[PDB]
Amino acid sequence: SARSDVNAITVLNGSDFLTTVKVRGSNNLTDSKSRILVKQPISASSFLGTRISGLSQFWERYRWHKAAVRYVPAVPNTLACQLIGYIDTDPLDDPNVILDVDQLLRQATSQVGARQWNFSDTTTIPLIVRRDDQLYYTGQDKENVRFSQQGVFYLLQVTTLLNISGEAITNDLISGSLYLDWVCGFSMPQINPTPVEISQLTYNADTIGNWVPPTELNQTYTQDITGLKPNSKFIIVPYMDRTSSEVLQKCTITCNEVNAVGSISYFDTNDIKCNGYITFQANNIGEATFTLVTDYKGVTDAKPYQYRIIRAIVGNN
Amino acid sequence: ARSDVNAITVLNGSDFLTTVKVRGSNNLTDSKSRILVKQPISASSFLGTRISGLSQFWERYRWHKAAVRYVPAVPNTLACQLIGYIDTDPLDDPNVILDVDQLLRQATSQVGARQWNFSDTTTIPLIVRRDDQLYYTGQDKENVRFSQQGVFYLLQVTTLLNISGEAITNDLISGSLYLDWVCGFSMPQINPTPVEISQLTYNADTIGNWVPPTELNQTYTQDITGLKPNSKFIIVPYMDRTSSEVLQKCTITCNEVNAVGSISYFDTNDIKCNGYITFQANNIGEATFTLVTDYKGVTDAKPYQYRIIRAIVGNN
Amino acid sequence: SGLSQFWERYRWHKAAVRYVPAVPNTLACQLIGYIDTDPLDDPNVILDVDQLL
Amino acid sequence: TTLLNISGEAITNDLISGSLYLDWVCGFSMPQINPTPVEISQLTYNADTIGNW
Amino acid sequence: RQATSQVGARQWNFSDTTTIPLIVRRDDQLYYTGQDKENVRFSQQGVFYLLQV
Amino acid sequence: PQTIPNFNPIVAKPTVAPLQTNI
Amino acid sequence: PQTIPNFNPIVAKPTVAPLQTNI
Ligand SMILES: [Ca+2]
Ligand SMILES: [Ca+2]
Ligand SMILES: [Ca+2]
Ligand SMILES: [Ca+2]
Ligand SMILES: [Ca+2]
């Protein structure tokens, strides 16, 4: 009858679509960390609209019975590069810290499911299953990752691509895509809230900090903001409820990473000014780092400028 | 691994449909108000109830052992008999009937009908057809008999009463309806849902101005245009100007769904430019705002600035 | 499709759709193809590209 | 030999061309544990530049 | 579509080779030589239509 | 003698990539 | 059942096209 009140394994199958790759050329390839181009976990609730991420906000646990990551080229055979991929089952064993490029690749053809292939053909990177009965939780990665993520797909580039005339290409280039056929088994019916649905965004605004003041007159120091989520896309706007006498000028600039939209300023003489907006995504540890440019003469500041953060609750974000 | 195989995947669960309110003496005139909720029973006819999100990833469904509960939120000191039947020709519409007698009589003749007072609970079942017919999934595009095994009607036999036996007049929320399903899906895929951007992006460039009057004190209905039909927004104040007079404004919104916020302005040796309001936009490209205008600078100094920030998401 | 007008009803016991190329391997584009069985829910209404794929 | 392209002209810039594996067999003898070389260079101050303003 | 219905049709890239055969009616009919004078069903035993996709 | 098997093996399989199939 | 044979069949045969024979 109905109202079962029972827990049962439900095995499912399908195929999906990960993100397209983006091979690096020459003007974006000078370090070990450029050889690594996609760091992408292989959990369930880690995508948008794939039939495995949307289908996992309705159970609570999972276990990849057998998975495989399938590469498909989008290039002619007349182009030349070479890339390898491996799935590490210890998501906090990070290759972020290796410096010499050769060591970075030798620790990839050691994991027990690694492959190697040109970017003009196809091959399946399989996932390898621990010898236990462990069940991993769905949802966003909250405190520790060894509960949630069952693997991490690291694809990384060996060579540098090049045209038919041998001239190494300078810009980026799309070299195919990744699809992930899967078979997994879920256990506990419920709903995780972290991938909320559209028509429920709220635009929270209740976090009001304050910029630290300088000590000297001219300075371009920096500042960091903690307590934010490990990953999101925020926006800042200024906020000012103070007074002044002479100038009290200041000009904060965007954080020192990729995302940047504009600038922001503060200026409190008769030609007063308070405007700007910066967009960014917080680093994986859950903070950010700004840089300031202060050029006022008063030293007894005693009035730290206030700011604001706001975000849209629409999904994992 | 790839299989290219099709299977059934029987599932189970329980859900929340909606709440229920009963009509009083004043709102009860004839059969159109005798009915009070006409809610289809399909898989993809809910706002995130684990089946309207889970019957997005299959095309075809077929219930097995569905059932609908009623859970009250009233004491035993009130009574209004009500009935409930799940019809299976979804084009059958009781609104056509006009005599209340026959309206209550084509309702309990259905198989899975139950009759009860709204002070206690009752389970209404779903009676499944005989053949092997599988119902499509998606919204109701043009015809309904492909995509609904059933609808759900909840009626209101003779009016409320009280401890001393008199009919009250005010409307009243009574209980809530739940659902306990077992269904068999087939053919993995995704049905579409219109979505024009699938990743966050902020529209932090829009700009406008608020005109102050040449009057000492008066409230207005300053309007904004050039927006989407219906969406969410949020205003943030700012200023890139000059002034040397005692200005003051503490404007406020005029909306019903979302008016949670405040704004302030103050421009002298001390400053105040804090606040935020967030609102819904009616389907005109329109929004109403009211001013305060408690400043002494009767002469127009310079109009202030505001900015919307539209989040480019699935749809606003 | 002329000979089907002599019978009301049909059903494909089997089908399949080959791709017979025309180019060499010096031209490249991933193209993806499928057969949807709800012939009313269509892809034309989508307005992005990452969900369409 | 120097590099050559599709048309028989020399390429101007360097590049990477492949990779090298090592399929081995080996035999070890004496069980033990060799140290790990810990090394550190002392401090060294460098004041040998007169400045000007 | 009315070309891959005739009982001797082929398909091929213009960089390879293949033989298109002629198909013979099940009769003893003998066709006349010469120019096509009044009606063509006496003289011509076939018509080779090649066409580009 | 005293030899663990299959410590860190690798297997390679070649293929080809013609210029046209011409089905 | 009640099935005429070989109504409108098709047969496909692949090949290749190398860059040189080098006999
Ligand atoms: Ca590892
Ligand atoms: Ca009926
Ligand atoms: Ca009917
Ligand atoms: Ca479909
Ligand atoms: Ca559909």
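Residues numbered from 1 in each chain as written, not as in the entry; some residues may be left out. Chains lettered and ligands numbered in written order. Part of a larger assembly, values for the part shown. Heavy atoms only, no water. Residues with missing side-chain atoms left out of burial classes, pairs and counts.

Determination of this PDB entry was carried out by cryo-EM to a resolution of 3.28 Å, according to the record.

Chain C appears in the PDB entry as Capsid protein from Macrobrachium rosenbergii nodavirus. Within the Protein Data Bank, this record goes by the title "Structure of the Macrobrachium rosenbergii Nodavirus".

Within the PDB entry, the label attached to chain B reads Capsid protein, and the organism entered is Macrobrachium rosenbergii nodavirus.

1. Notes on the sheet that holds strand 7 (residues 113-117) of chain B
Residues and elements named next belong to chain B. Taken in spatial order, the 4 strands line up as 3-10-6-7 in an open sheet, and their pairing is antiparallel. This sheet does not close on itself; its edge strands, each paired only once, are strand 3 (37-41) and strand 7. Strand-to-strand twist in this sheet, taken as the mean axis angle between neighbours without regard to direction, amounts to 15 degrees. As paired elements, strand 6 (residues 81-85) and strand 7 share 5 bridges and run antiparallel to each other. Looking across to strand 7, one finds that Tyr 85 is bridged to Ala 113. (Pairing = 2+ DSSP bridges. Helix = DSSP H or I, 4+ residues; strand = E, 2+ residues; numbered from the N terminus. Axes fitted to C-alpha atoms, helices over the stretch in contact; angles between N-to-C directions.)

2. Considerations on the packing of aromatic side chains
Summed over all chains, the structure comprises 27 aromatic pairs over all chains. Here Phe 279 of chain B and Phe 289 of chain B contribute two aromatic rings whose centre-to-centre distance is 5.4 Å and whose plane-to-plane angle is 85 degrees, an arrangement assigned as edge-to-face. Here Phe 279 of chain B is found in strand 22 (residues 275-280), whereas its partner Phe 289 of chain B is found in strand 23 (residues 289-290), with 10 residues between them in sequence. One aromatic cluster in this structure is built from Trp 211, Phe 234, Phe 280, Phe 290 and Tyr 307 of chain A. (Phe/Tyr/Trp six-rings, centres within 6.5 Å; stacked < 30°, edge-to-face > 60°.)

3. Some details on the UniProt feature "binding site: Ca(2+) 3" (unreviewed entry) in chain B
All names here are of chain B. Look at the UniProt record and you will see "binding site: Ca(2+) 3" (unreviewed entry) annotated at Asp 87, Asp 92 and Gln 189. Spanning 103 residues, the named residues are also spread out in space, since their farthest C-alpha pair is 31.1 Å apart. Taking relative accessible area as the criterion, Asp 87 reaches 7% and is therefore assigned buried. In this view, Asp 87 contacts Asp 92, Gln 110, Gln 149, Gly 150 and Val 151; residues no more than four positions away in its chain are not counted. Among the polar contacts listed, one links the side chain of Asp 87 to the backbone nitrogen of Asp 89, at a separation of 3.4 Å. Mapped onto the secondary structure, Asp 92 falls in the loop between strand 6 and helix 2 (100-103). Non-local contacts of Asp 92, meaning those with residues more than four positions away in its chain, are made with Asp 87 and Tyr 153. (UniProt positions renumbered as here; feature names shortened; annotations may be inferred. Buried < 20%, exposed > 50% of the residue type's maximum accessible area, 1.4 Å probe, protein only. Contact = heavy atoms within 4.5 Å. Polar contact = N/O pair within 3.5 Å; in protein donor to acceptor, adjacent residues only side chain to side chain.)

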